[PDB]
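Student:
In the entry's author numbering, the protein residues as written are 1 to 310.
Next comes the structure, spelled out in structure tokens:
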């Protein structure tokens with residue numbers, strides 16, 4: 001019912017460091033005929049589940065360095081690709097992508113797989129969306145690993161979550177310009193610019209899902225939704241603030257990519273105060289926005305922090 005396209009499988013033949021078998025679901029309530037891809041790694045009967053959410057304009061490939069660490073620790077790791085990204089199906093019209101469309105997919109996924117004892121791992125859009133999940137069913141969430149992300153609230157409630165859109169000119173402004181304007185958007189080139197330590201093979205893995213601009217509607221809409229927040233987004237995100245501040249009682253681990261011009265320290269310190277019991281953050285001096293690219297360290301430290309209370 002949603003007009004969508006699917007990336008040819010051959011586009012993923014040659015991926016670097018991505019030996020994870022695909023799992024797919026196409027029978028999701030509210031998403032008729034759309035196939036979603038997700039990784040399911042580690043012991044499937046584990047008590048702990050790490051749910052790893054990606055952001056713009058990435059995919060589960062982003063968690064490739066963290067997956068193995070978490071799995072070896074004894075947990076199961078779920079890393080889905082949102083519709084419009086990675087190996088998931090891609091709606092062709094930008095109007096089909098909304099905050100609720102992606103949020104509801106996540107709740108559906110979680111129910112479908114009956115996930116519990118979840119350790120939420122978020123960053124960027126993965127956090128804008130993922131941070132609003134617990135309030136919907138708190139019993140299934142137990143820990144949080146938060147990297148450069150915040151809540152899409154209104155400017156008055158949390159100015160820190162809106163100021164970055166406008167300043168600096170080489171921050172979100174540049175980011176959005178790079179993504180929504182080009183008529184021939186090359187994601188490998190964009191990733192190399194924003195994640196300078198990527199090797200060429202890695203960069204190409206980011207372009208793999210999109211053979212041409214027709215597969216990029218979800219890619220183009222994400223930045224627009226940061227700039228133009230709809231009411232449902234605002235209301236949902238505002239209610240999540242209260243959850244984190246007063247309801248949350250789980251364990252938290254925070255990591256900040258210090259060189260991020262978007263969701264760095266002036267967004268993270270403010271987030272830190274809103275999360276009840278959040279501890280001192282792990283600042284990674286050489287990491288930019290894509291904290292996951294220096295993920296092994298993050299995965300190891302978080303596990304160390306959590307054990308030290310369990």
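Using N, Cα and C, we set each Cβ at its ideal position, and we do this for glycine too.
Going along the chain, which residues of its own chain have a beta-carbon closer than 6 Å to the beta-carbon of residue 321, five neighbours each way excluded?
Tutor: The structure shown does not extend to residue 321, since the chain spans only 1 to 310, so no value can be given for it.
Student: Under 8 Å, Cβ to Cβ, is there at least one residue of chain D near residue 229?
Tutor: The question asks about chain D, but that chain is absent: this structure has only one protein chain.
Student: Contact defined as beta carbons within less than 8 Å: I believe residue 198 pairs with residue 293. What is the distance between those atoms, to the nearest angstrom?
Tutor: Along the chain shown, one-based indexing puts residue 198 at 198. Along the chain shown, one-based indexing puts residue 293 at 293. Correct: roughly 7 Å between the Cβ atoms.
Student: Mapping DSSP to helix, strand and coil, what is residue 23?
Tutor: For the purposes of this step, residue 23 is identified with residue 23 of the chain shown, where counting begins at 1. Residue state, collapsed to three classes: strand.
Student: Looking at the structure shown, is residue 282 part of a helix, part of a strand, or coil, going by DSSP?
Tutor: Position 282 of the chain shown, counting from 1, holds the residue named residue 282. When DSSP states are grouped into helix, strand and coil, residue 282 belongs to the strand group.
Student: Can you tell me which of 110, 69, 57 puts its alpha carbon nearest to the alpha carbon of residue 123?
Tutor: Here residue 123 refers to the residue found at position 123 of the chain shown. Closest option to residue 123, Cα to Cα, is 57.
Student: Taking 6 Å as the limit between beta carbons, can you name the residues of its chain near residue 88, skipping five residues before and five after?
Tutor: For this step, residue 88 is matched to residue 88 along the chain shown. So the list reads 36, 37, 81, once near-sequence residues are dropped.
Student: Take every Cβ of the region 287-304, pair it with every Cβ of the region 257-273, and state whether three or more of those distances are shorter than 8 Å.
Tutor: yes
Student: Below 8 Å between beta carbons: does that hold for residue 265 and residue 256?
Tutor: Start at 1 with the first residue of the chain shown, and residue 265 comes out as number 265. Start at 1 with the first residue of the chain shown, and residue 256 comes out as number 256. A contact, by the Cβ cut-off of 8 Å.
Student: Do you know offhand how far residue 33's Cα is from residue 5's?
Tutor: Here residue 33 refers to the residue found at position 33 of the chain shown. Here residue 5 refers to the residue found at position 5 of the chain shown. The straight-line gap from Cα to Cα measures roughly 11 Å.
Student: What residue from 120, 213, 158, 100 has the CA that sits closest to residue 225's CA?
Tutor: By one-based count along the chain shown, residue 225 stands at place 225. Distances from the alpha-carbon of residue 225 to those of 120, 213, 158, 100 put 100 closest.
Student: Let me make sure I understand the geometry here. Which of 61, 172, 74 has the alpha-carbon closest to that of residue 45?
Tutor: Taking the chain shown and counting its residues from 1, the one referred to as residue 45 is at position 45. Nearest option by C-alpha distance: 74.
Student: Between which two residues does the beta strand (DSSP E) carrying residue 76 extend?
Tutor: Translated into positions along the chain shown, residue 76 becomes position 76. Here the beta strand (DSSP E) through residue 76 covers 76-80.
Student: Taking the alpha-carbon of residue 8 as reference, which of 300, 215, 281, 299 has the nearest alpha-carbon?
Tutor: Indexing the chain shown from 1 puts residue 8 at position 8. Taking only the C-alpha atoms, the option nearest residue 8 is 215.
Student: So what does residue 99 bridge to, in DSSP terms?
Tutor: Position 99 of the chain shown, counted from the first residue, corresponds to residue 99. Paired residues: none, contrary to the question.
Student: Identify whether residue 289 lies in helix, strand or coil by the three-state DSSP scheme.
Tutor: Position 289 of the chain shown, counting from 1, holds the residue named residue 289. Note: residue 289 maps to coil in three-state DSSP.
Student: In this structure, how does DSSP classify residue 309 when only helix, strand and coil are distinguished?
Tutor: Position 309 of the chain shown, counted from the first residue, corresponds to residue 309. Residue state, collapsed to three classes: coil.
Student: Just verifying my parser: in three-state terms, what is the DSSP assignment at residue 40?
Tutor: Counting from one through the chain shown, the residue named residue 40 turns up at place 40. Strand at residue 40.
Student: Helix, strand or coil for residue 85 per DSSP?
Tutor: Taking the first residue of the chain shown as 1, we reach residue 85 at position 85. Coil.
Student: From residue 340 to residue 301, what distance separates their C-alpha atoms?
Tutor: Given that the chain is displayed from residue 1 to residue 310, the structure contains no residue 340 and the question cannot be resolved.
Student: What are the complete alpha helix (DSSP H) segments, minimum 4 residues, inside the region 210-296?
Tutor: 217-227, 231-242, 265-274
Student: For residue 121, does the three-state DSSP call read helix, strand or coil?
Tutor: The sequence position of residue 121 within the chain shown is 121, counting from 1. Note: residue 121 maps to strand in three-state DSSP.
Student: Please name the residue in 192, 182, 163 whose C-alpha comes closest to that of residue 212.
Tutor: Counted from its first residue, the chain shown places residue 212 at position 212. The option with the nearest alpha carbon to residue 212 is 182.
Student: Starting from the C-beta of residue 161, find all residues in its chain whose C-beta is less than 8 Å away, skip the five residues before and the five after it, and write them out in chain order.
Tutor: For the purposes of this step, residue 161 is taken as residue 161 along the chain shown, with counting starting at 1. If we look at residue 161 and ignore the five residues flanking it on each side, its Cβ neighbours are 150, 151, 152, 153, 155, 267, 270.
Student: Nearest to residue 117 by CA position, among 29, 111, 139, is which residue?
Tutor: Numbered from its first residue, the chain shown carries residue 117 at position 117. Cα-wise, what sits closest to residue 117 is 139.
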